[PDB]
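Residues per chain, in single letters:
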Amino acid sequence: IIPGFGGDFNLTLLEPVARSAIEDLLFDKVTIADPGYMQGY
Amino acid sequence: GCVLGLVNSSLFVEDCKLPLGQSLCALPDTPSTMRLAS
């Protein structure tokens, strides 16, 4: 699937290049307090 | 280490790991010759 796969359909699930734009947005909107792994100590 | 924190395994950076029992966030390579892998 490429950016121009929709062609006439602005699907924003296009992998930005892995973590497509909409995955991006929704995971961004929410708020997670989990500490980053490998850096907690 | 660095895929979770520190480890005691000597071997590191194996090319690939198939799904395995036990394992970590990045399953390590089979110890039977150990091997953090990815």
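What counts and what doesn't
Residues numbered from 1 in each chain as written, not as in the entry; some residues may be left out. Chains lettered and ligands numbered in written order. Part of a larger assembly, values for the part shown. Heavy atoms only, no water. Helix = DSSP H or I, 4+ residues; strand = E, 2+ residues; numbered from the N terminus. Buried < 20%, exposed > 50% of the residue type's maximum accessible area, 1.4 Å probe, protein only. Areas by Shrake-Rupley, 256 points an atom, 1.4 Å probe, with all protein chains shown as cover. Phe/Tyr/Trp six-rings, centres within 6.5 Å; stacked < 30°, edge-to-face > 60°. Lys NZ or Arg CZ within 6 Å of the ring centre and 35° of its normal. Salt bridge = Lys/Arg side-chain N within 4 Å of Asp/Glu carboxyl O. Polar contact = N/O pair within 3.5 Å; in protein donor to acceptor, adjacent residues only side chain to side chain. Contact = heavy atoms within 4.5 Å. Disulfide = S-S within 2.5 Å.

- For this deposition, the record names cryo-EM as the technique by which the model was determined and cites 2.8 Å as its resolution.

1. Some details on the overall build of chain A
Reasoning step 1: Across its full length, chain A carries 1 helix and 0 strands.
Reasoning step 2: Put simply, chain A has 41 residues, and 7% of those count as buried.
Reasoning step 3: In the form shown here, chain A has an accessible surface area of approximately 4,000 Å², with 64% of it arising from carbon and sulfur atoms.

2. Quick look at the overall build of chain B
Reasoning step 1: Check the secondary structure of chain B and you find 0 helices and 0 strands.
Reasoning step 2: With respect to the principal axes defined by its C-alpha atoms, chain B has extents near 20 × 20 × 20 Å.
Reasoning step 3: In chain B, which comprises 38 residues, the share counted as buried stands at 16%.
Reasoning step 4: Just so you have it, chain B exposes about 2,900 Å², and 61% of that area is on carbon and sulfur atoms.

3. Considerations on the packing of aromatic side chains
Reasoning step 1: Going through the model one piece at a time under the given rule, you end up with 0 aromatic pairs over all chains.
Reasoning step 2: Between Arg19(A) and the ring centre of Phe27(A), over which it is positioned, the NZ or CZ distance is 4.7 Å.

4. Overview of the pattern of salt bridges
Residue and element names in this part refer to chain B.
Reasoning step 1: Summed over the entire model, instances satisfying the criterion amount to 2 salt bridges over all chains.
Reasoning step 2: Its salt-bridge partner being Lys-17, residue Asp-29 comes within 3.9 Å of it at the nearest N-O pair. Across the pair, exposure class does not vary: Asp-29 and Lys-17 are buried alike.
Reasoning step 3: Here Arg-35 and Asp-29 are joined by a salt bridge, their closest N and O atoms 3.6 Å apart. Here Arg-35 and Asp-29 have matching classes, each one buried.

5. Topic: the side chain of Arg35(B)
Residue and element names in this part refer to chain B.
Reasoning step 1: Its relative accessible area of 18% is what places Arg-35 among the buried residues.
Reasoning step 2: A distance of 3.2 Å separates a polar side-chain atom of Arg-35 from the backbone oxygen of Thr-30.
Reasoning step 3: Engagement of the side chain of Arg-35 in a polar contact is seen with the backbone oxygen of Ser-32, the distance being 3.0 Å.
Reasoning step 4: If near-sequence neighbours (up to four positions away) are discounted, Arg-35 is found in contact with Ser-9, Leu-11, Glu-14, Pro-28, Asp-29 and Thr-30.

6. Some details on the state of the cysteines
A covalent bond between the sulfur atoms of two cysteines is referred to as a disulfide.
All names here are of chain B.
Reasoning step 1: Per the stated rule, a full pass over the model turns up 0 disulfides over all chains.
Reasoning step 2: Lacking any disulfide linkage, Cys-16 is separated from the closest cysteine sulfur, that of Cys-25, by 17 Å.
Reasoning step 3: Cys-25 carries a free sulfur, and the closest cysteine sulfur to it, the one in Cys-2, is 13 Å from it.

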